[PDB]
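The next block holds one structure in the form of C-alpha cells; read it before the comments.
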Amino acid sequence: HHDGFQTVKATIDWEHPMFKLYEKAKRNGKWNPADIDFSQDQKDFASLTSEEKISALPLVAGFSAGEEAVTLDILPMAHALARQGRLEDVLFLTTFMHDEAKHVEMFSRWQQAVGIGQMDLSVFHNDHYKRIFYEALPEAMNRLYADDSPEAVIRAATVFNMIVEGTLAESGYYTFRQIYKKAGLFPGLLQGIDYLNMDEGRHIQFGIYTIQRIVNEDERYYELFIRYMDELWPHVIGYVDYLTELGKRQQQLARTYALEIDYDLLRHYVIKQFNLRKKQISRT
Amino acid sequence: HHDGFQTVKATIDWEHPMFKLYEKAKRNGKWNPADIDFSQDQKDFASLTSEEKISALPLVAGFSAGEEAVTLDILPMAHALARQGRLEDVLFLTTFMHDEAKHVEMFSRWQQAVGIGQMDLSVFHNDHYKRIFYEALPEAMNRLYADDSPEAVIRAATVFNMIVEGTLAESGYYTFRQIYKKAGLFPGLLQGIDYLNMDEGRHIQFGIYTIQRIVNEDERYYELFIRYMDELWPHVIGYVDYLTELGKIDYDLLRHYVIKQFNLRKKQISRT
Ligand SMILES: CCCCCCCCCCCCCCCC(=O)O
Ligand SMILES: CCCCCCCCCCCCCCCC(=O)O
Ligand SMILES: [Fe+3]
Ligand SMILES: [Fe+3]
Ligand SMILES: [Mn+2]
Ligand SMILES: [Mn+2]
Ligand SMILES: [Mn+3]
Ligand SMILES: [Mn+3]
C-alpha cells in the first residue's frame, strides 16, 4: 500500500541531484536509433572478407547482451528506491531505463542492417563474460527485491554502474573508436556509440551518487565498495584478455585498413577505467 | 540468471505490436514539462477567490497522486513481462514509465508555480479514492512479483490501464477541458493535459493488447475481466460522486462521461 504521495503533500525536491540529472537526461537524451542511417554500414560489412567480418562481432556480441542485461536488470534498483520513497531517483531511473532500451535497439538494428541478425553471437561470450552478465549482475540486482540494505545497494551499483558501465562499456566505446573510427568503417554504428557514450555519463553519475550517499552514512561501506570492485576484476580482465586474444588471431582487418591496433594500450585503458571508478568514490 | 539474450541469438521482433507502439512512443513522446510556461496559471490562480481556489484543488489532488502511484506501480508489470522474455513489451514499458514521470513532474510544477506546493492536498482523497490508489492498484501490481499467472496479469492491467487510466484519467482530462478551457483559465496546465492525453492513448493500447492476448488463450478470462471491472466501479463512482458534490458547469454530463469511458473500455475487449 501507499501511505501517501510526495507530490500531494508537497512537491518534487527540485534541488535533488537526481532531479537535476533527470532534467539533463530529458534535454540530452532525445536521439532515436530509428533515425541512424546504417546503409553505409551494410556496404562496409559486405565489402569485408568472411575473416574481416568476424573481427568486429565479438565486441558487438558483448554490447548487445550487455544492453539487454542492463535493460532488464535495472528494474529491481528502481523498485527498491521507489519503496524507500526516493521519488527523484525513480524519475531519473525512468530515463536510465529508456536509454538502455534504445541501446538494445541500436545494436539490434545494426545487426539486422548488416545481415547478421540471424547469426547467434553467443559464441563470443566466454566463461568470464557469463560470470558477470549471465550471473553476477542479475544476482546482485534481484537481491534488492528482498534485501535493500546499504550493503546490497552498494553491491548492485558497483557491479552495474562501476564495473559493467564504468569499466567495461566505457572501454568498449574507446575500443570501437580506436579501431573502427580510425579505419573509417561503420559510421552508423559509431554515431550510435557516441550517443551511448553520452547517455552512459549519466548512468555512471547515478552510480556514483548512490554509492557515495551510502558511504556518507558509514565509512565502513567504502571498504565494501573497494572489495566488490576487486572481486569482479578477474572476470573483467579475463573477458578483456579473451577479446584481445581473439583480435590478435584475426589480423586481416587491421592489415587491410593499415591500423596498428595497440592491444596493450586497450588493456591499459581497462585498468585505467577500473581505477578511475574506484577513485570517484571518497571515504568521506 | 540469464539463459541467453534475444538480441545476441537473434534480433528484436520488429513486427511485434509493442515494438510498433514503442516506436510511436519515441516519435510522439518528445514533450518536456520543463518547457511549459506556467506564469499565467499563477496569475489566474491568484485572481480567484478563496472559494474558487479550493474548487480547483480536488481534481489536481486526484491527478498528482494518481501519476505518482502509476509511476511506482508500473515497475512490477515491467518485471513480470521481462521475466517472461517479452522484450518488446519491456522496451515499450520504458516509454510508459518515462511518460508517467513527466506526468508527475507536470502537475507538481503546476502546484509549485501557482503557489500551493506547500499545501497538503490529501484532504481531497476520500475513502473510495484511497481504495483504488492507495490499496487496490499497488496490491494488484505488486502481486506480479510472486504470481504472474494470466489471472493476475489481467487483474493488474484491468485496474491500472482500464480503470485508473481508461476510465478515471480520461474522464479527468475531459473534466479539465470542460471547466477551465471554456473559462480561459490555466493555459499551461491545459497544454500539459493535452500532452498527457496523447501519452495516455498508448498506455491504454498496452492494456488492451495485454488483456486481449490473455483472453485469446481462453474465454474464461473474458469473464474475469468484466468481473474485475465491475468490482472497481463502486469506488470509481464513489470518487466521482464525491468530486461532483464538492463542485455543488454541467456536473451530470461529466458523471456520464465516466460511465461512457467505463463501458467503452469493456467494449474494447473481445470475448473471442
Ligand atoms: C580488445 C579490448 C577489450 C575492451 C573491452 C570491451 C568490452 C565490451 C563491452 C561489452 C559490455 C557492454 C555493457 C553495456 C552497459 C550499459 O549500456 O549500461
Ligand atoms: C467531476 C467529474 C469527475 C471526473 C473524473 C475525475 C477523476 C480524476 C483523475 C485522477 C486519477 C488520474 C490517474 C492517473 C493515471 C495515468 O495518468 O496513467
Ligand atoms: Fe548504461
Ligand atoms: Fe498513464
Ligand atoms: Mn580464465
Ligand atoms: Mn461512499
Ligand atoms: Mn547502455
Ligand atoms: Mn499519466
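Read the numbers this way: they start at 1 and go in the same order the structure lists the ligands and their atoms. Chain letters run A, B, ... following the sequence lines, proteins first and then strands; every chain starts at 1.
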Can we say B:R155 and B:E231 salt-bridge, meaning some charged N sits less than 4.0 Å from an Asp/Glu carboxylate O?
yes

A:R267 with A:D262: basic N within carboxylate O range, under 4.0 Å
no

Count the heavy atoms of every other residue, nucleotide or ligand shown that sit under 6.0 Å from NZ of B:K266, and state whether that count exceeds 12.
yes

Please check if the side chain of A:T94 supplies one atom and the backbone of A:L91 the other of a donor-acceptor pair under 3.5 Å.
yes

Has B:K102 got a side-chain atom pairing as donor or acceptor with B:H98's backbone, closer than 3.5 angstrom?
no

When you check the space around the Mn ion (ligand 8), which protein N, O or S atoms turn up under 2.8 Å?
B:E67 OE1, B:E100 OE1, B:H103 ND1, B:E200 OE2

B:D148: which residues meet the salt bridge (charged side-chain N to carboxylate O under 4.0 Å, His left out) condition with it, sequence neighbours left out?
none

